[PDB]
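*Asks:* pasting the structure only:
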């Protein structure tokens with residue numbers, strides 16, 4: 001509550017190649033979400049990586 005994000009990019013955004021980027025500023029905490037039709041945690045690979 002109260003805590004919210006806005007400025008996603010803070011270097012930690014480099015942990016996400018192909019996925020939503022959200023950085024909780026008030027609580028500096030990186031958090032990315034995968035898009036779709038992809039694999040991995042960072043979402044660097046697109047299918048063919050089960």
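*Replies:* Good, I have the coordinates. Numbering: from 1, shown residues only.
*Asks:* from now on I want contacts and neighbour counts done on CA atoms only, so please keep to that.
*Replies:* Will do.
*Asks:* isn't there a strand covering residue 21?
*Replies:* Yes - looking at residue 21 with DSSP: H, G, I helix; E, B strand; the rest coil, it is inside a strand.
*Asks:* that one: how many residues sit nearby?
*Replies:* 21 (other C-alpha atoms under 10 Å).
*Asks:* would you mind measuring from it to residue 50?
*Replies:* 23 Å (C-alpha to C-alpha, to the nearest Å).
*Asks:* what does residue 15 give?
*Replies:* Counting by C-alpha to C-alpha, the gap from residue 15 to residue 50 is 20 Å.
*Asks:* so the two - more neighbours on which side?
*Replies:* Using other C-alpha under 10 Å, the more surrounded residue of residue 15 and residue 50 is residue 15, with 16 against 8.
*Asks:* residues near the residue lying closest to that one once chain neighbours are set aside, how many?
*Replies:* Nearest residue to residue 15, sequence neighbours excluded (C-alpha to C-alpha, 6 or more residues apart in numbering): residue 42, at 6.0 Å. Residues near residue 42, counting by other C-alpha under 10 Å, number 16.
*Asks:* same question, residue 23
*Replies:* A count of neighbours around residue 23, defined by other C-alpha under 10 Å, yields 20.
*Asks:* and it, what does it touch?
*Replies:* Going by C-alpha atoms under 8 Å, 6 or more residues apart in numbering, residue 23 touches 5, 6, 7, 8, 9, 10, 29, 30, 31, 32.
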